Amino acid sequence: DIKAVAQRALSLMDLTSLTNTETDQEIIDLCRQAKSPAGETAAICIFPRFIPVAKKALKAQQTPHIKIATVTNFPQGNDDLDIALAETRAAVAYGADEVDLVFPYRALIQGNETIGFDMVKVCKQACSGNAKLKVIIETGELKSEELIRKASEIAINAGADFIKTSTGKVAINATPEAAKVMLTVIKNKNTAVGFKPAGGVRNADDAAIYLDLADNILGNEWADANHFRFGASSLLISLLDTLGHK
């Protein structure tokens, strides 16, 4: 049932806007859009400086349960620990519920597994008692199964609450192949860790591919809002269309 899929995917969305030129009105408008005719998305995902305005709008429309996710070390995934930590500290101070941190994947590709652990760990510590930490490993740039698995393992060891496939800002983002690798790592290490495919999920058919992977690898009941998110934007209109809201 494609409508059941669409309804389920909508409730797991991190409704994303990351143009870096948003106006405050566009952020208010995004929060309004997250309060959809078929229900609320799980979250929004926006740049840190927009969090106070978003928190205010979400509260005014009586949907404070819609989480505010943001991004740090983004999009490049540089290997500078001081900068990533400063941004994550600021994201928390802005009022973020969740921080989507970009893993230093280029450093990993060059054989440095240590900076990735260190960066994820100190940023996790900075979120303590305030926010969840998602870690973006950028699977489209890691390419190989070995690297995708390895980044996933390091991120979980260092304390990630979610592992996320992509920034959305590179050539290749979420893929079924990458998703299967990451979901499998989650199963083998810690089923408490969530999974977030981002970029390339545009309709209910795409959503079903990733939901079916999660259901088949981790069980039918695993992928709730605490364990599964879609990083997406245009997906919401497509899902609403599928659900009969043109």
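One-based numbering along the sequence shown.
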Comparing 138-146 with 123-131, the one whose average Cα B-factor in the PDB entry is higher: 138-146
183-191 versus 56-64 - which carries the larger mean C-alpha B factor in the record: 183-191
Residue selected from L213, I46, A42, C31 by maximal Cα B factor: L213
Residue with maximal Cα B-factor (values as given in the PDB entry) among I109, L101, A86, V92: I109
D14 - Cα temperature factor, lowest/middle/highest third of chain: middle
Entry-reported Cα temperature factor of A178, expressed as the chain third it lands in: highest
Chain third (lowest, middle, highest) by recorded CA B-factor, residue given as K196: middle
Entry-reported Cα temperature factor of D82, expressed as the chain third it lands in: lowest
Entry-reported Cα temperature factor of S36, expressed as the chain third it lands in: middle
